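Given as structure tokens, the chain that follows is alone and in the form deposited in one PDB entry.
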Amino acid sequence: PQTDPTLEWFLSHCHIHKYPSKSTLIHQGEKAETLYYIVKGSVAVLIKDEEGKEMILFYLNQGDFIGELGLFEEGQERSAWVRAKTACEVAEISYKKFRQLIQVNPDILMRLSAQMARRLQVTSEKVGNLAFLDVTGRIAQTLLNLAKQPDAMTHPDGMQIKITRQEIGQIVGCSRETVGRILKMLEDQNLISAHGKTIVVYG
């Protein structure tokens, strides 16, 4: 973690709310009139198809803004669901009040925009993965990213992560069954080791 006076100034204008793990902070389709900032915890951003299947777009963490995409034009709806992945503490402020703060000190918009730019780079890559990789390479690539997250744990034969079939499937666009068939196949290829819901990525 890390803070500064510009962020504490901003936080003093917000209200703080707690969200237990698995609770939904933002429902797709709601009117977007408020901005969030994660003081503690992590959330998943996700979207759905007509049949209720879920895709994860991003994981956001402490220091991440959320609900920013409606800020620049009135009348918009929330573009995705946002669900607490762990217990969360989340600052919230109306768009109107945030715009007044932007007038006082534009650096607070700089910080928000830097996160938007980063999310657009990552989401564009995600488009390239989904377009150009098959499920297997999507899965292989997903495991590689995690293997280089700050959450990784050292290990003798490589780098180690934990994740469920279901979460993998939600990331890549497939069933937990396809994930299992593919994990097994990667294991037979001596690329990974799986131990329940814990995965050693070799290399």
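Counting begins at 1, following the sequence as shown. Rigid core (definition): largest C-alpha set, two forms, superposition within 1.5 Å.
Between the stretches 111-119 and 95-103, it is 95-103 that shows the larger average CA temperature factor.
For the pair 22-30 and 144-152, the mean Cα B-factor is higher in 144-152. Remark: residue 158 belongs to the highest third of its chain, ranked by C-alpha B-factor as recorded. Looking at the C-alpha B-factors along this chain, the one for residue 64 belongs to the lowest third. Annotation for residue 191: C-alpha temperature factor in the highest third relative to the rest of the modelled chain, per the entry. Residue-level temperature factors show residue 185 in the highest third of its chain, judged at the C-alpha atom.
Beyond what is shown, the protein has a form deposited in another entry; the following relates to that form.
Comparing the two forms between the shown form and the other one on the rigid core, the single residue of 137, 173, 158, 63 with a CA shift of 2 Å or greater is 158. Superposition on the rigid core between the shown form and the other one places the CA atom of residue 147 2 Å or more away from its counterpart.
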